[PDB]
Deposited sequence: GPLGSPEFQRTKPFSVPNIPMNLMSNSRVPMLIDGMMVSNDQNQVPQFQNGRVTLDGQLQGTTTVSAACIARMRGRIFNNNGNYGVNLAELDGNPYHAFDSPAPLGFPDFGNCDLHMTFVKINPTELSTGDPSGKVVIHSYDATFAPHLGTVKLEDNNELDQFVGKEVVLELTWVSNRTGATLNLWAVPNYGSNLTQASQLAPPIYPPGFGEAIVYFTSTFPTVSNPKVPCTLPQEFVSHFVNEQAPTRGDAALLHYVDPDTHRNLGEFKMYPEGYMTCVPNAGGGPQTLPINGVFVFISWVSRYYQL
């Protein structure tokens, strides 16, 4: 197959780290990305905790437990099948926000528990301390006095909002310590560094209640991820040249280079000006690493 990117305007696609529309892109004004969601090669090989559907982003699933005066969740994949530690740092879709407080909303998910009554709850999960061990299959839940009815029950959890850990700032580039003190989590997606030639990594942004820093950056729109998995197009050069074009006239508004590892770069600040957010990325051709933006 010939390589391509989605022919969908940027502002109709989802962030890959939270399920929110993209409302911008930017280079970092400071900070190394090693996100575990939104990670895929250009030839369609998923990495980290990344999966296909935006319906999976920043969610968890598992059975709530209570032991030794502490609550937690025994994790599974979002479809209810078991999580195998060999395959990934955590179950697919697991939030990749580290060293912070994850404020989750959850619902019972067993049909037999969904015939009557309110199946919903909320809970805080720290993405820190040794009891945060999703690679080992478990995470601690903060006791809010409203978890007892859910002990022994299977639930699905979604990330509602995020706040800083007491004594620390909220760092959206922090990598969660998935393997606790036991091991480095298997199959972590690697850190990304810019290649040179004045180039800077591009982040796609969404406004989201990461309180104190409500702009979540990711390295690929989720629909790019599913596109590459669908296509499995062979990588045929150092970089894929993209033009970001006017959605109606197809005039080029700016050039980008996508690298095989699954991220893109630009040379920013080429006269003050602002790119619109409703443009469309179009694959032009494979180009050498020396292509100058």
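Stretches of the deposited sequence lacking C-alpha coordinates, numbered from 1: 1-11, 42-43, 284-285.
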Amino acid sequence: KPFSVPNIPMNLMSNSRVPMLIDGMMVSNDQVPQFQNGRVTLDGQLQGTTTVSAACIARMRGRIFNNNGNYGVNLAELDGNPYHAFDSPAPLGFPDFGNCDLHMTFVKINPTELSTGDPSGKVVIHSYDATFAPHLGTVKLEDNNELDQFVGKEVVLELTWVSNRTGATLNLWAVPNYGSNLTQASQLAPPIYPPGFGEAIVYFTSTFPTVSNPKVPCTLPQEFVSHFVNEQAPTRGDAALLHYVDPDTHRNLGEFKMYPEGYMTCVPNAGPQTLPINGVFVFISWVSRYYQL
From here on, numbers count along this sequence of modelled residues.
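Higher mean CA temperature factor between 188-196 and 152-160: 188-196, per the PDB entry. Mean CA temperature factor is higher for 80-88 when stretches 80-88 and 161-169 are set side by side in the entry. Taking the deposited Cα B-factors for 182, 139, 107, 216, the highest one is held by 182. In this entry, the residue among 144, 205, 74, 127 with the greatest C-alpha B factor is 144. Among the modelled residues of its chain, residue 279 has a C-alpha B-factor that falls in the middle third, as given in the PDB entry. For residue 39, the recorded CA temperature factor ranks within the middle third of the chain's modelled residues. In this PDB entry, the Cα temperature factor of residue 237 sits in the top third of its chain's modelled residues, the highest group. When the CA B factors of the chain's modelled residues are split into thirds, the value for residue 48 lands in the middle one. Residue-level temperature factors show residue 245 in the middle third of its chain, judged at the C-alpha atom.
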